[PDB]
Amino acid sequence: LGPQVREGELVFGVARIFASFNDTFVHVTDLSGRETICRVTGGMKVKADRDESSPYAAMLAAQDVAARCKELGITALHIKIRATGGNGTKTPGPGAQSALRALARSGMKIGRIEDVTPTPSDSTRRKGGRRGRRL
Amino acid sequence: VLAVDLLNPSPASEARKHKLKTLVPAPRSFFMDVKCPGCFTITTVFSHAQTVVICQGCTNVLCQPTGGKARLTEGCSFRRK
Amino acid sequence: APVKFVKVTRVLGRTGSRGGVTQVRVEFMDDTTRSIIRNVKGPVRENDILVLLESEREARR
Amino acid sequence: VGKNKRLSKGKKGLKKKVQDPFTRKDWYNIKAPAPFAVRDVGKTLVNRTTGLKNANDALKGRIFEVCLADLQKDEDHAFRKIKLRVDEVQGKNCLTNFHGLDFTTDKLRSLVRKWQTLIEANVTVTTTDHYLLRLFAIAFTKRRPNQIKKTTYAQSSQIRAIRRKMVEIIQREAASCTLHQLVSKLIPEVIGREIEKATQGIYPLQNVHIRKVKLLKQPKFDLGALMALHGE
Amino acid sequence: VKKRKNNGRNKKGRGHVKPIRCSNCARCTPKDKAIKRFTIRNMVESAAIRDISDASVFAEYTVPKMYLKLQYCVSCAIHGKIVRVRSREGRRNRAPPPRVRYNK
RNA sequence: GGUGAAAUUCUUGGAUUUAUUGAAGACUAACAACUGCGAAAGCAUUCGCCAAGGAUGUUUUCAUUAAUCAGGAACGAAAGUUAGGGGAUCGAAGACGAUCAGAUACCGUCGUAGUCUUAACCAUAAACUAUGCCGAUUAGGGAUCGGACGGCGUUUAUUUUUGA
Ligand SMILES: [Zn+2]
Ligand SMILES: [Zn+2]
């Protein structure tokens, strides 16, 4: 069911939070990125689809991750926040910080926060035109 | 100002103006005699020489050209003649 | 539900579009170290006592 | 949202029967090469070995991101992360060796500042062991304690002199080394401190670092070499 | 009439400069004309630092910062109240505003 | 997914998300500024080759060889045109979804010419400092880029002279 280990030691995971301006993703994998352990999005919790990015929805989605990952044996997480990136805003969305607290309050351990948003050295042309969205 | 003697500027004031903007133009370069340690000869060298100067005896370099006034070899002495 | 009790120590201006809402800083009166920011609808004085159903929402500014 | 699905399962489908795929997983330990201090770095998960699907084939091309602070038990090296690639699988154990190096994102953004000059260069090199790997370098101008002038800028002619000096030093140091030998030089930052002394005459040039290293080619597997560093 | 001596551009001594993309409406403007703001902030807001601090496994911990450089066209600059209209005499004053260092 | 709010569209024929690897074309972030070069248009990753240019320095050389120019000639952003190569991204025309009394638009999902390059045409821009070119004189100040000269110190190297 879970990894056999002495009571003193604790096993580590990594959480990859993708927070855009339209939705928020909570994703837990093993130490490497190959195997997914749990994943729940903000749209599963809210029923009005204009609140998928709301900070309230991120808290609910983050809480049951700790419950679902508790019996697997994993007890600590690494965190990697990322924005849309590329040609996007590069500013993490409103739900980026709400989800991080709910893992800490639920009782899980935290270490090595980092930001992994991908940035281009020189990008292709960006959507919109030369005059932008005129509304 | 408004009352100045233009005919007789102080010598200190003429040491700061451009070489061409004084009352009468005058060069600020000179010739010099260089004492090579190796030999006993005397050579006349321009202060702003653009070419590498070779002494007549023992064939030793005495100066290296540069942007302004040529720099002498470290082990050499000169007098302004 | 593990309901918590909080007490008001200072009031920090009046918010809202029409001044109905007021913003106060509360104290959990069981762990004196912790302190958060909350929002209240009615009139509030210092040393007032409030009952909080959930203690993880906080408020803007 | 529950009430948005229209096509659902698709053109035509039926529900599933068996669930909870986590009942057939297994856990393995991960080890570390010789130069690093601590060897245990965590746990890994995989499907149980079965017919037509051996477990060892899935644990031969995985890489892990481990912060250098954990390996050396020192918080000074808190901005460098390196990768370890699994090669051989003993009984409930995975063996790994060096696979690269890279700075953290936040440390690099704090270094670059206005009214300074940024100098960067790169060069490929191969070791006595036929490893083809590439190195990056970075440096910045240094202010003087009694300086009054606002900006410290170097002339582009001086920049090329420094850039030429960087390439010469890197080739000389990595000319006669092995991959194990080279890694032992990266963690004490020997390259950076040696570069600073040589370029002292051209310009002060504070904050010399090796930004990242990645390898391009590998020789035959040579299982004998892997066991030499492991199991000490 | 000229409203500004520098034409509101800051470009003298050259003929052309490559444009950039606005961070809000994705418009194209010359780089020297855009309004640029550099911001340094923490990963988490000050109320949430305590919850992260006592949940760590590294004794004392310091949350990292985040560094951004936003840059806008003038149309998006004064609608978001980044800058605002000044008086005729007050226009010619380019000193940065004195940030409050006491905060009452 | 996307929006002020929605829809068109994709999805257990596994969408979205996660790690490793490959191919193709375009572009050179941060450093980057009341800073540099060019007759103007313009020009920003590294290194090799080729010819050209400004300023400074000079007790070199020629001795009026000069200024501006009707007609005349070279270069001249973007779009557009003629033949091949290339065709990732954006996107005139076109097709749909909403809004609206109407919406051939502003907003959203697709998408052809074009966007890139070689060999030839075109010769127009708010091509703007809305300010033609050469020469003389007229007031105070502190910043800055390139070269030379003078000076008290600090720093530093196979170290001095040089560089900061
Ligand atoms: Zn002699
Ligand atoms: Zn804008």
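Residues numbered from 1 in each chain as written, not as in the entry; some residues may be left out. Chains lettered and ligands numbered in written order. Part of a larger assembly, values for the part shown. Heavy atoms only, no water. Residues with missing side-chain atoms left out of burial classes, pairs and counts.

The deposited coordinates derive from cryo-EM, with the record listing a resolution of 3.1 Å.

Chemist: An account of the packing of helix α1 (residues 55-70) of chain A against helix α2 (residues 95-106) of chain A is requested, with residue identities and associated values reported.
Modeler: Residues and elements named next belong to chain A. At a closest axis distance of 8 Å, the pairing of α1 and α2 adopts a crossing angle of 35 degrees. Regarding α1 and α2, the two cross each other, and that crossing is right-handed. Contact residues: α1 offers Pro55, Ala58, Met59, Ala62, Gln63 and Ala66, while α2 offers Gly95, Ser98, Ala99, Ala102, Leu103 and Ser106. Along the lines of polarity and charge, the residues of the contact of α1 with α2 split into eight nonpolar, four polar and no charged. (Axes fitted to C-alpha atoms, helices over the stretch in contact; angles between N-to-C directions. Helix = DSSP H or I, 4+ residues; strand = E, 2+ residues; numbered from the N terminus. Left-handed = near helix turned anticlockwise from the far one by under 90°. Contact = heavy atoms within 4.5 Å. Nonpolar A, V, L, I, M, F, W, Y, C, P; charged D, E, K, R; others polar.)

Chemist: Describe the sheet that holds strand β5 (residues 109-115) of chain A, listing the residues and the values that go with them.
Modeler: All names here are of chain A. The sheet built from five strands is open, its strands ordered β3-β2-β1-β4-β5 with mixed pairing. Sheet topology places β3 (36-41) and β5 at the edges, where each strand pairs with a single neighbour. Ignoring strand direction, the axes of neighbouring strands in this sheet form an average angle of 20 degrees. As paired elements, strand β4 (residues 76-82) and β5 share six bridges and run parallel to each other. Its bridge partner lying in β5, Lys80 is registered against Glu114. Across the sheet, α1 touches β2 (24-29) and β3, and the angle it forms with β3 is around 155 degrees. With respect to the sheet, α2 is in contact with β1 (12-19), β2, β4 and β5, its orientation differing from that of β4 by roughly 175 degrees. (Pairing = 2+ DSSP bridges.)

Chemist: So what's going on with the coordination of the zinc ion (ligand 2)? Which residues, and what values?
Modeler: Residues and elements named next belong to chain E. For the zinc ion (ligand 2), the protein coordination sphere consists of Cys22 (SG), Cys25 (SG), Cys73 (SG) and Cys76 (SG), at 2.3 Å. The coordination sphere of the zinc ion (ligand 2) comprises four donor atoms, whose angles at the metal cover 105 to 121 degrees; the geometry is tetrahedral. Motif for the zinc ion (ligand 2), donor spacing along one chain: C-x2-C-x47-C-x2-C. Residue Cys25 is located in the loop between β1 (19-21) and β2 (28-30), and its partner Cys73 is located in the loop between β4 (65-72) and α2 (74-77); the two are separated by 48 residues in the primary sequence. Given a relative accessible area of 12%, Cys25 falls into the buried group. (Donors = N, O, S within 2.8 Å, 3.2 Å for Na, K, Ca; no water. Tetrahedral: all angles 85-135°; square planar, octahedral: opposite > 155°, others 65-115°. Buried < 20%, exposed > 50% of the residue type's maximum accessible area, 1.4 Å probe, protein only.)

Chemist: Outline the UniProt feature "binding site: Zn(2+)" (unreviewed entry) in chain E, supporting the account with residue identities and numerical values.
Modeler: Under the UniProt annotation, "binding site: Zn(2+)" (unreviewed entry) lies at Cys22, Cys25, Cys73 and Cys76 of chain E. Across 55 residues of sequence, these annotated residues stay compact in space, with a maximum C-alpha separation of 8.5 Å. The residues touching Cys25 of chain E, leaving out its near neighbours within four places in the chain, are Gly132 and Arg133 of chain A together with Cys73 and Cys76 of chain E. Residue classification places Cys73 of chain E among the buried residues on the basis of a relative accessible area of 4%. Ignoring sequence-local partners within four residues, the contact set of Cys73 of chain E consists of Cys22, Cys25, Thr29 and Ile35 of chain E. (UniProt positions renumbered as here; feature names shortened; annotations may be inferred.)

Chemist: Which residues make up unusual backbone geometry, and what are the values?
Modeler: Residue and element names in this part refer to chain D. For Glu189, which is not a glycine, the phi torsion comes out positive at approximately 55 degrees. In this structure, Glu189 sits in the loop between α4 (179-186) and α5 (190-198). By relative accessible area, which is 16% here, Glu189 ends up buried. Residue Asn207 is not a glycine yet carries a positive backbone phi of 55 degrees. By the secondary structure assignment, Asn207 is in the loop between α5 and β8 (209-217).

Chemist: Pulling in residues and values, what's your account of the interface of chain D and chain A?
Modeler: The interface is formed by 25 residues belonging to chain D together with 22 residues belonging to chain A. One can count four residue pairs in polar contact joining chain D with chain A. Secondary structure elements with two or more residues in the side of chain D that touches chain A: β2 (43-47), β3 (63-67), α1 (68-72) and α2 (105-111) of chain D. In terms of residues, the side of chain D that touches chain A owes the most to one element, β2 of chain D, which gives five residues. (Polar contact = N/O pair within 3.5 Å; in protein donor to acceptor, adjacent residues only side chain to side chain.)

Chemist: Any chance you could break down the coordination of the zinc ion (ligand 1) for me, citing the residues and the numbers?
Modeler: All names here are of chain B. For the zinc ion (ligand 1), every protein donor is listed as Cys39 (SG) and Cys58 (SG), and the spread of their distances is 2.3 Å. Taken together, the residues span a long stretch of sequence, with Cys39 in the loop between β1 (31-35) and β2 (43-46) and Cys58 in the loop between β2 and β3 (63-64) at a distance of 19 residues. The exposure class of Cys39 is partly exposed, given its relative accessible area of 23%. When its relative accessible area of 44% is taken as the criterion, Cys58 is described as partly exposed.

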